[PDB]
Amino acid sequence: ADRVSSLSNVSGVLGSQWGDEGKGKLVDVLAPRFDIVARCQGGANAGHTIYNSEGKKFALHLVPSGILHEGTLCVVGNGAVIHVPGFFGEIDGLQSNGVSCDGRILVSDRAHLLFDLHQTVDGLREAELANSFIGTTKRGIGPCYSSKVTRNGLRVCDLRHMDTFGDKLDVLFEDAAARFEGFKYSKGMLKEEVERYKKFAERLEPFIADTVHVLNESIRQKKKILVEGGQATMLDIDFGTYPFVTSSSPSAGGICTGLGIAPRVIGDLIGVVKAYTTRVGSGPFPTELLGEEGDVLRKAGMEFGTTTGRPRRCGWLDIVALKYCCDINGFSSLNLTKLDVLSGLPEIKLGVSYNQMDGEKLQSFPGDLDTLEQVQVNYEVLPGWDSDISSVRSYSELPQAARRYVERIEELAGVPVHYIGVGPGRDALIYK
């Protein structure tokens, strides 16, 4: 079961559901076998939680999970968005925990910039909207990618030319003001922003590097590279549950557009499938458990915001969406995480079919929410088990009902399971 040494020159870990499946943990385990670990999409809005040898907790945002290994180079691709202030704060927090970052992190010169501006703008949007509620989710991710699409946003390369940075930054400052009256843009406030990032440019300079060239050059030199997926594909701007999705492309296609590598060079793709689904926030949720069964999962899995402490909605594993997701990415294998959370459940259901409001079986996963929010899920109950498995390291040591579980999944999904998570620890992973 040498799964660690079976991976190709260029491999990648992708989330196959919604929210946090625990990709980081896997990336941390597989990282020492790779020369480079790169984040291709998203911003610091995410948050991978990993633990070292001593059991020390680490919560990453932008930095790839491979940062805990000396011989590994972390890279933030061009597909990403960087909130420079928060970035350095993240760096400082790692440097104080004995983890050096100097010369071990590359920042794509082609990656766009997320200013505090986008953050306040993001907030202004909801303030007037139907009123999305309670949560300091001032993640200016949406607006930043918009500036990018609009082509009026700034990129990392701009910090090398502070001369023009001024008249390049005021342009989107002026824009935002024209839109919201809750923004005045003082000419004095602009002066600061320039002098602020002028200082930031000094510190960030050694990190900047031609991400596209470096990566491609690396491949020519046979350097192994593991791509860390930002979020899940069900959250994808195109394939996810629109409009309830992210403005980024968490799918496999995104690793090409976010890193600048050829689709032909991408080898194995491990899809992280949590034993049960968890959707954070409003949106369609077929397998959603509003009853005690959901409460049991939530507490056991600790499905609560790392900052907000808000409970993530839970439910049974959705195979319909998973199968659909498998096709889109073309996963070589899968990492079935948080299996230890299902312990204690007498019955564990699986969403297999999708019926219409009347009773017609759908051949594929619904695009529009109109049809999706009105579906009749067809479950498949399986024998559960009452046994703490957070200690099982070998596959054969698992309960018969638990083994039957992964097997039924890999059967319906079509893709085999090579990793089974039974604990948050770096050590808590079973190889199949």
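When you see a residue number, it is the position in the sequence shown, counting from 1.
Mean CA B-factor: is it higher for 272-280 or for 328-336? Here the higher of the two C-alpha B-factor means belongs to 272-280.
Mean Cα B factor from the PDB record: higher for 338-346, or higher for 191-199? 191-199 has the higher mean C-alpha B-factor.
Criterion, highest CA B-factor; candidates, 128, 109, 303, 92: Highest CA B-factor of the listed options: 128.
Can you tell me which of 322, 314, 149, 178 has the highest Cα temperature factor in the record? Most elevated C-alpha B-factor of the set, per the entry: 178.
Classify residue 204 as lowest, middle or highest third according to the C-alpha B-factor given in the PDB entry, relative to its own chain. Its C-alpha B-factor, which the entry lists for residue 204, ranks in the middle third among residues of this chain.
In terms of the chain's CA B-factor thirds, is residue 426 lowest, middle or highest? Ranked within chain, residue 426 CA B lands in the middle tercile.
Thinking about Cα B factors across the chain, which third does residue 217 belong to? Its C-alpha B-factor, which the entry lists for residue 217, ranks in the middle third among residues of this chain.
For residue 46, return the chain-relative third of its C-alpha B-factor as stated in the PDB record: lowest, middle or highest. It belongs to the highest third of the chain when residues are ordered by C-alpha B-factor.
Ordered by C-alpha B-factor within the chain, which third holds residue 353? Give me lowest, middle or highest, please. Its C-alpha B-factor belongs to the highest third of this chain's values.
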